[PDB]
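Visitor: My structure is below; once you've seen it, I'll send some questions.
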2 protein chains.
Amino acid sequence: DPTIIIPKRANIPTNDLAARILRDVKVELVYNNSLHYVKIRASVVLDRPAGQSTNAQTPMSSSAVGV
Amino acid sequence: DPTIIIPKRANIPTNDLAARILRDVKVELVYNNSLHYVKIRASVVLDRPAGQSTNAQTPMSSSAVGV
(Lines give C-alpha, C1' and ligand atoms only; values in the text may rest on other atoms or scores of the structure.)
Protein backbone atom coordinates (compact mmCIF):
# COMPACT_ATOMS: atom_id res chain seq x y z
CA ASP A 1 0.00 0.00 0.00
CA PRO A 2 1.40 3.47 -0.83
CA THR A 3 2.43 5.43 2.26
CA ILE A 4 2.81 9.14 2.99
CA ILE A 5 4.37 10.73 6.09
CA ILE A 6 4.41 14.39 7.14
CA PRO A 7 6.50 15.78 10.03
CA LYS A 8 4.95 17.80 12.84
CA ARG A 9 5.74 21.38 13.78
CA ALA A 10 7.52 20.41 17.00
CA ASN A 11 10.07 18.43 14.95
CA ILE A 12 10.94 21.27 12.54
CA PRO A 13 14.25 22.98 13.44
CA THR A 14 14.06 26.69 14.17
CA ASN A 15 16.24 27.47 11.14
CA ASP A 16 13.63 26.20 8.67
CA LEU A 17 10.98 28.44 10.25
CA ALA A 18 13.22 31.35 9.21
CA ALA A 19 13.96 29.86 5.78
CA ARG A 20 10.23 29.03 5.59
CA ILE A 21 10.94 25.72 3.80
CA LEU A 22 9.70 22.30 4.89
CA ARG A 23 11.72 19.10 4.52
CA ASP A 24 11.63 15.36 5.22
CA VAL A 25 8.35 14.53 3.46
CA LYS A 26 8.51 10.83 2.59
CA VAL A 27 6.61 8.72 0.06
CA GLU A 28 6.89 5.06 -0.93
CA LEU A 29 5.75 3.11 -3.98
CA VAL A 30 6.01 -0.32 -5.59
CA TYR A 31 6.41 -0.52 -9.36
CA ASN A 32 4.72 -3.18 -11.46
CA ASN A 33 6.50 -5.23 -14.15
CA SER A 34 5.82 -6.25 -17.73
CA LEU A 35 6.46 -9.74 -19.12
CA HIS A 36 9.47 -10.15 -21.41
CA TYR A 37 10.31 -13.85 -21.82
CA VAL A 38 8.41 -17.12 -21.47
CA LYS A 39 9.58 -20.73 -21.43
CA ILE A 40 7.32 -23.74 -21.94
CA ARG A 41 7.70 -27.47 -21.29
CA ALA A 42 5.62 -29.73 -23.52
CA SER A 43 5.23 -33.51 -23.57
CA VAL A 44 3.96 -36.09 -26.06
CA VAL A 45 2.61 -39.59 -25.50
CA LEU A 46 2.59 -42.39 -28.08
CA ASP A 47 1.55 -45.66 -26.42
CA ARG A 48 -1.13 -46.11 -23.78
CA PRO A 49 -0.18 -43.90 -20.80
CA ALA A 50 0.54 -45.88 -17.66
CA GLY A 51 -2.16 -46.04 -15.03
CA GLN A 52 -1.83 -43.28 -12.45
CA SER A 53 -1.63 -43.79 -8.70
CA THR A 54 -5.08 -44.25 -7.16
CA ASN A 55 -4.37 -42.44 -3.88
CA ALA A 56 -7.40 -40.40 -2.77
CA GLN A 57 -5.90 -38.82 0.35
CA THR A 58 -5.54 -35.07 0.63
CA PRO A 59 -1.82 -34.42 -0.06
CA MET A 60 0.02 -33.69 3.17
CA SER A 61 2.12 -30.55 3.36
CA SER A 62 5.45 -31.68 4.84
CA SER A 63 7.03 -34.54 6.74
CA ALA A 64 6.21 -34.72 10.45
CA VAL A 65 9.66 -36.03 11.44
CA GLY A 66 11.52 -33.02 12.80
CA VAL A 67 13.49 -32.35 15.96
CA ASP B 1 -6.86 64.86 52.84
CA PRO B 2 -8.42 68.35 52.65
CA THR B 3 -7.66 70.49 55.70
CA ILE B 4 -9.40 73.47 57.31
CA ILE B 5 -8.05 75.69 60.09
CA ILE B 6 -9.85 78.39 62.08
CA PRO B 7 -8.12 80.83 64.46
CA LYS B 8 -9.22 81.26 68.06
CA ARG B 9 -10.53 84.42 69.70
CA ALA B 10 -7.39 84.92 71.80
CA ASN B 11 -5.33 85.21 68.59
CA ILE B 12 -7.52 87.88 66.94
CA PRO B 13 -6.00 91.39 67.23
CA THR B 14 -8.13 93.98 69.02
CA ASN B 15 -8.42 96.02 65.82
CA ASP B 16 -10.40 93.32 64.01
CA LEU B 17 -12.89 93.16 66.90
CA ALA B 18 -13.65 96.81 66.09
CA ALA B 19 -13.66 96.22 62.33
CA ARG B 20 -15.70 93.07 63.06
CA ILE B 21 -13.93 91.14 60.27
CA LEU B 22 -12.18 87.79 60.67
CA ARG B 23 -9.01 86.82 58.80
CA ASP B 24 -6.47 84.02 58.41
CA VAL B 25 -8.86 81.18 57.57
CA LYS B 26 -6.83 78.58 55.68
CA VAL B 27 -7.85 75.74 53.36
CA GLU B 28 -5.81 73.26 51.34
CA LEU B 29 -6.63 71.05 48.36
CA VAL B 30 -5.01 68.72 45.83
CA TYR B 31 -6.19 68.85 42.23
CA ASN B 32 -6.54 65.74 40.08
CA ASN B 33 -5.22 65.46 36.51
CA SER B 34 -6.53 64.25 33.17
CA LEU B 35 -4.53 62.13 30.72
CA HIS B 36 -3.24 63.88 27.60
CA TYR B 37 -0.55 61.75 25.92
CA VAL B 38 0.35 58.06 25.89
CA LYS B 39 3.39 56.22 24.53
CA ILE B 40 3.54 52.48 23.91
CA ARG B 41 6.37 50.00 23.32
CA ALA B 42 5.46 46.93 21.28
CA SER B 43 7.52 43.90 20.28
CA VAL B 44 7.23 41.15 17.68
CA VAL B 45 8.73 37.66 17.60
CA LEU B 46 9.38 35.61 14.47
CA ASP B 47 11.41 32.51 15.36
CA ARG B 48 11.01 30.35 18.45
CA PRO B 49 11.51 32.61 21.50
CA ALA B 50 14.53 31.66 23.56
CA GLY B 51 13.94 29.70 26.74
CA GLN B 52 13.52 31.94 29.76
CA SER B 53 15.54 31.70 32.96
CA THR B 54 14.19 29.02 35.29
CA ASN B 55 14.90 30.83 38.56
CA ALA B 56 12.09 30.26 41.08
CA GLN B 57 13.41 32.44 43.91
CA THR B 58 11.44 35.43 45.12
CA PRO B 59 13.23 38.43 43.54
CA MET B 60 15.35 40.22 46.12
CA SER B 61 14.88 43.96 46.54
CA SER B 62 18.41 45.39 46.55
CA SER B 63 22.03 44.38 46.98
CA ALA B 64 23.15 43.70 50.54
CA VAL B 65 26.66 45.09 50.01
CA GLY B 66 26.60 48.56 51.54
CA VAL B 67 28.82 50.39 53.99
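Scheme for the C-alpha coordinates: letters A, B, ... for chains in order shown; per-chain residue numbers from 1; ligand numbers from 1 in order shown.
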Residues of chain A within 7 Å of chain B, using only C-alpha atoms, as a ChimeraX atom specification?

Guide: /A:14,17-18

Visitor: Using the selection just defined, write its residues with N, CA and C atoms as a short mmCIF file (atom, residue, chain, number, x, y, z; two decimals), in the first residue's frame.

Guide:
```
data_model
loop_
_atom_site.label_atom_id
_atom_site.label_comp_id
_atom_site.auth_asym_id
_atom_site.auth_seq_id
_atom_site.Cartn_x
_atom_site.Cartn_y
_atom_site.Cartn_z
N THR A 14 14.37 25.27 14.20
CA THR A 14 14.06 26.69 14.17
C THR A 14 14.56 27.35 12.89
N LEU A 17 12.04 27.46 10.05
CA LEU A 17 10.98 28.44 10.25
C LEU A 17 11.41 29.84 9.82
N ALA A 18 12.71 30.11 9.78
CA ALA A 18 13.22 31.35 9.21
C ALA A 18 13.36 31.24 7.70
#
```

Visitor: Would you list the contacts of segment 28-41 of chain A as number ranges by chain, taking every protein, DNA or RNA residue within 12 Å and counting only C-alpha atoms, but skipping same-chain residues closer than 4 positions in sequence?

Guide: A: 1-5

Visitor: How far is it from atom CA of residue 27 of chain B to atom CA of residue 10 of chain B, in Å with one decimal?

Guide: 20.6 Å

Visitor: Can you check which residues of chain A DSSP gives as strand (DSSP E) on the backbone and send them as an MDAnalysis selection string?

Guide: chainID A and resid 3:5 26:28

Visitor: As an exercise, work out the distance from atom CA of residue 45 of chain B to atom CA of residue 22 of chain A in Å and give it to one decimal place.

Guide: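 According to the coordinates, atom CA of residue 45 of chain B and atom CA of residue 22 of chain A are separated by 20.0 Å.
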
Visitor: Rounded to one decimal place, report the atom CA of residue 24 of chain B-atom CA of residue 6 of chain B distance in Å.

Guide: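 About the pair atom CA of residue 24 of chain B and atom CA of residue 6 of chain B: they are 7.5 Å apart.
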